[PDB]
Amino acid sequence: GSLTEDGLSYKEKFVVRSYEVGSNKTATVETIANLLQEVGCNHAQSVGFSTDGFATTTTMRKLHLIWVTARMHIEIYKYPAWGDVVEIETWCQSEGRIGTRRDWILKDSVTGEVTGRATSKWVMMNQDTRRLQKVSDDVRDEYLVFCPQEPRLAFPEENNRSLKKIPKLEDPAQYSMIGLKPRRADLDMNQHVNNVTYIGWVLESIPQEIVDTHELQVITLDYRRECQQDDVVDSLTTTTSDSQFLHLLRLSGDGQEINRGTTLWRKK
Amino acid sequence: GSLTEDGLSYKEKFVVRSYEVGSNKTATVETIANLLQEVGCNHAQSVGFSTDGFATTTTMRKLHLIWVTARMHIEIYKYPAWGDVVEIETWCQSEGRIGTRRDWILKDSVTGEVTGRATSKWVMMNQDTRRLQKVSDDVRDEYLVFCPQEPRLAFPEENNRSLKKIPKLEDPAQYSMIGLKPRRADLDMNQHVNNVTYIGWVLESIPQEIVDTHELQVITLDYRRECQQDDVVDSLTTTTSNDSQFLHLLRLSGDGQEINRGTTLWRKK
Ligand SMILES: CC(=O)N1c2ccccc2CC[C@H]1C
Ligand SMILES: CC(=O)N1c2ccccc2CC[C@H]1C
Numbered sequence: 075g076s077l078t079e080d081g082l083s084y085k086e087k088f089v090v091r092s093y094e095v096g097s098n099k100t101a102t103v104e105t106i107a108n109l110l111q112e113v114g115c116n117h118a119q120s121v122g123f124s125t126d127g128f129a130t131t132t133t134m135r136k137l138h139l140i141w142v143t144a145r146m147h148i149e150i151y152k153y154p155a156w157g158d159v160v161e162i163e164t165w166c167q168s169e170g171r172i173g174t175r176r177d178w179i180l181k182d183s184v185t186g187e188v189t190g191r192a193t194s195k196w197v198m199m200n201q202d203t204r205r206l207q208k209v210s211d212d213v214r215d216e217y218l219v220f221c222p223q224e225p226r227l228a229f230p231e232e233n234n235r236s237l238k239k240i241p242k243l244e245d246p247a248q249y250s251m252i253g254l255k256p257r258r259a260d261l262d263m264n265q266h267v268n269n270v271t272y273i274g275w276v277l278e279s280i281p282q283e284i285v286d287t288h289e290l291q292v293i294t295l296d297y298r299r300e301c302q303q304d305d306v307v308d309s310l311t312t313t314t315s333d334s335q336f337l338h339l340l341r342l343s344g345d346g347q348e349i350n351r352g353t354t355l356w357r358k359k
Numbered sequence: 075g076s077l078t079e080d081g082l083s084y085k086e087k088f089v090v091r092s093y094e095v096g097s098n099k100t101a102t103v104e105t106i107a108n109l110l111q112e113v114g115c116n117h118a119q120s121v122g123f124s125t126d127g128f129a130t131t132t133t134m135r136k137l138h139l140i141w142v143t144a145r146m147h148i149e150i151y152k153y154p155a156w157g158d159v160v161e162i163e164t165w166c167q168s169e170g171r172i173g174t175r176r177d178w179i180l181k182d183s184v185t186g187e188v189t190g191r192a193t194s195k196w197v198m199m200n201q202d203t204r205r206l207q208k209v210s211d212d213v214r215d216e217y218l219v220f221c222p223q224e225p226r227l228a229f230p231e232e233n234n235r236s237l238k239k240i241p242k243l244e245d246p247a248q249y250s251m252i253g254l255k256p257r258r259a260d261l262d263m264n265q266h267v268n269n270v271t272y273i274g275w276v277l278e279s280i281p282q283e284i285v286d287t288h289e290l291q292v293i294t295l296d297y298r299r300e301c302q303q304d305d306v307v308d309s310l311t312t313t314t315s332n333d334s335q336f337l338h339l340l341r342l343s344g345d346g347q348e349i350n351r352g353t354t355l356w357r358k359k
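The listed protein sequences derive, respectively, from chains B and A.
FYI, the numbering for the first sequence is 75 to 315, 333 to 359, going by PDB author numbering.
FYI, the numbering for the second sequence is 75 to 315, 332 to 359, going by PDB author numbering.
Here you go:
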């Protein structure tokens, strides 16, 4: 992989592996999400950020601040097949004091056609107290040089799915997957649960029949709280309609909300 | 990746990804196991076996037979770091009517030094009745041309760990991880549970303190039965020993049906 000629975006090619595909012999949405995450790490490294933390500026490190995902939105037109090469182009953009936004474009390396696109919102938080905060001007000035100045949006449409408000699922849920625990493979290098596990957990409440007859077109996921290594999660789903679902991830015991989202599916 | 000049083994390089590493910023034993599995698929494809099934010969397909793993043994000297390139060389050998053996050699692409090695035993089984069987001559002859004729063993040594008999863990277990269920990411393309999930499940009963202060050197895992998508598994562990040794057992919760057994060896960092 490498930064483009202007040093304002990063590109990387990936060959789709045998264990990364589902029953249709195409990459799963979790494989895609992991590749998006990998190309974002590589972009951060190629522009100067160290391996100690994900894209933490010099002032963020002295103030004990980290970037946390608040929202992830992914739209797939075509899932790459086992053996194919998928090229992903990623870039970051400043959203004033609200935080940061990272976008991705997926393409078939053989044809050059766009096969998917993603967008994510990243907010600042204290690594120790876990308290969210608005980005300070001196932190913003240290990273703005790595961002395109004019807006460059994967989802330009003024009235699009990536910015829609997500409601809270009402009990009783139509479908459910209870007792979900993360294992060591679900943890990242800092022992926290990987953001891609929540995607897999949200999809566990979708009935097998819907997965066997439909393809996932869109998934929008809001991140409210982190699931810890020793937490147990319940995944809840209700049909709101193509097929549409409302999702909710909550802690098994007290019902503490950790995630909410929606998925849209097409008939094959 | 590509077959070597003689067409009797296959090589492939991999860059270690960010999500593939643990707390030490080096690849996990499950990442290694997945890479071994991937290079074995690529070897099967590079020599003519179709994407419909894993290394199934023409006679195997008409008789509804598949290759199943009976044992997996992995010994790691150095875990590759995030960003490093690991080169893996794999080959398969005929073990007469017993079945076949697949071996692997892991190397640092920058230094050429061996950093790990693995071996696995594959047995023949009916896709539908699930009944194991000895390999017939008709099948053996169709795949013998893709194997080195003289023995080529990753684990040559007189009495090595890869062939040792594994005993059954006695109740009560010292450590346990109860209620383990596979999710869709744990399933392969044929909707069966991936063999690497059993490795992760066996390691779940190892206390976090042992993982934080030790490095896994060896893991030997016997496969007795498959865990189905709607099965719930219990992972049991007992210390059997500078180094630490454990006896492992994976069994179904609903009746205690054994699915896996194995051993792990760890060294102090
Ligand atoms: C968190 C994140 O992705 N960031 C990043 C990473 C790589 C390259 C540029 C940027 C902008 C600075 C920062 C917000
Ligand atoms: C199961 C297996 O890995 N096999 C294989 C695969 C790729 C290349 C050669 C071989 C030998 C034939 C067969 C036993």
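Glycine included, every Cβ here is placed at the ideal spot set by N, Cα and C.
Ordered along the chain, residues surrounding ligand 1 are B:114, B:117, B:118, B:121, B:123, B:128, B:129, B:141, B:166, B:174, B:176, B:196, B:217, B:220, B:221 [Cβ under 7 Å from any heavy atom]. Membership of residue 181 of chain B in the beta strand (DSSP E) is indicated by the continuous run 173-182. Contact between residue 179 of chain B and residue 228 of chain B holds, since their C-beta atoms are separated by about 6 Å, short of 8 Å.
Contacts with chain B (Cβ-Cβ distance below 8 Å) from the region 239-258 of chain A involve 253, 254, 255, 257, 258, listed in chain order. Assignment of residue 282 of chain B by DSSP, reduced to helix, strand and coil, places it in the helix class. One finds 92 in chain A with Cβ atoms closer than 7 Å to the Cβ of residue 115 of chain B, taken in chain order. In the three-state scheme derived from DSSP, where H, G and I count as helix and E and B as strand, residue 307 of chain B is classed as strand. Put simply, the backbone Cα of residue 127 of chain A is about 25 Å away from that of residue 223 of chain A. In the three-state DSSP reduction, residue 168 of chain B falls in the strand class (E or B). Listed in chain order, the non-local C-beta contacts of residue 334 of chain A below 7 Å within the same chain comprise 284, 288, 356, local neighbours out to five positions each way being set aside. For residue 122 of chain A, there is no enclosing alpha helix (DSSP H), as DSSP marks it with neither H nor E. Using a Cβ distance threshold of 7 Å, residue 265 of chain A and residue 97 of chain B count as a contacting pair. Under a criterion of Cβ atoms nearer than 9 Å, the residues of chain B adjacent to residue 99 of chain A are, in order, 125, 263. For residue 277 of chain A, the chain B residues whose Cβ falls inside 7 Å of its Cβ are 258, in order along the chain.
For the pair of segments examined, the region 151-165 of chain A was found to touch the region 78-92 of chain A: the number of CB pairs separated by less than 8 Å reaches three. It is roughly 10 Å from the alpha-carbon of residue 293 of chain A to the alpha-carbon of residue 276 of chain A. By the Cβ criterion, the region 192-202 of chain B is in contact with the region 142-150 of chain B, since at least three pairs of Cβ atoms, one from each stretch, lie closer than 8 Å. When the beta-carbon positions are compared, residue 296 of chain A and residue 252 of chain A stay at least 7 Å from each other. Residue 302 of chain B and residue 267 of chain B have their alpha carbons spaced roughly 7 Å apart. The residues 216, in chain order, have a CB closer than 7 Å to that of residue 132 of chain A in the same chain once the five nearest residues on each side in sequence are set aside. Taking a 10 Å sphere around the C-beta of residue 256 of chain B, we find 16 or more other C-beta atoms and assign the residue as buried.
Residue 114 of chain B sits buried, since 16 or more C-beta atoms from the chains shown fall within 10 Å of its C-beta. Secondary structure remark: continuous alpha helix (DSSP H) runs of at least 4 residues inside the region 222-289 of chain B, in chain order: 269-277, 282-287. In terms of Cα proximity to residue 148 of chain A, the closest of A:236, A:138, A:171 is A:236. Boundaries of the beta strand (DSSP E) around residue 333 of chain A: 333-342. For residue 348 of chain A, the enclosing beta strand (DSSP E) begins and ends at 348-358. At a cut-off of 7 Å between C-beta atoms, residue 274 of chain B counts as an interface residue with respect to chain A. Where residue 197 of chain B is concerned, the enclosing beta strand (DSSP E) starts and stops at 188-200.
CA-CA distance, residue 343 of chain A to residue 306 of chain A, rounds to 6 Å. Contact check for residue 341 of chain A against residue 308 of chain A passes: the beta carbons are separated by less than 7 Å. For residue 217 of chain A, the enclosing alpha helix (DSSP H) starts and ends at 211-217. Within the same chain, and ignoring the five residues on either side of residue 103 of chain B in sequence, the residues whose Cβ sits closer than 6 Å to its Cβ are 290. Taking C-beta atoms as the reference points, residue 117 of chain A and residue 164 of chain A count as a pair closer than 7 Å. DSSP, reduced to helix, strand and coil, places residue 302 of chain B outside both helices and strands of the structure shown, so it counts as coil. Each of A:208, A:125, A:80 was checked against the Cα of residue 99 of chain B, and the nearest Cα belongs to A:125.
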